[PDB]
């Protein structure tokens, strides 16, 4: 297999993989992003996300005829105390393509991206019940991050943003 940065041509594949992840998590209807959205947010002159994809030889394409079987979606964030961070948002490999070393390689690639960018750390969320992924991550140096407890996460949606913006 090959792990490479995505191209505008892979947007179709990214949306498909994003939907597989959502379905794996039983929330597929939650995905309202469109292919057009990804192309614009990801390959426009200013990307709001970066993506790595795992491509397999055409001989081993998915039954649907897809060469892309995995991806990692990330962006850089900032911590006023320590600086640059690489934030891994989504990470998924299609069932039939797991346990082959694709995910490990994607993580290796991300780690290089992090060092090249001089990020001091990579952060990410893992569902509490997902022992397999927790083990995967902790076998590769991951540790628990306690910076968020004692804190509440809030959101201000578009309706109120617009109101505030125009008061």
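Positions refer to the first chain, counted from 1.
- Just going by the entry, 12-20 versus 139-147 on mean CA temperature factor gives the higher value to 139-147.
- Taking the mean C-alpha B-factor of each stretch as recorded, 64-72 and 101-109 are not equal, and the higher mean is that of 64-72.
- Each of 118, 50, 123, 58 has a CA temperature factor in the record; the biggest one is found at 58.
- Note on 54, 114, 127, 32: the highest value goes to 32, judged by CA B factor as recorded.
- Among all modelled residues in its chain, residue 82 ranks in the highest third by Cα B-factor.
- The PDB entry assigns residue 161 a C-alpha temperature factor belonging to the lowest third of its chain's modelled residues.
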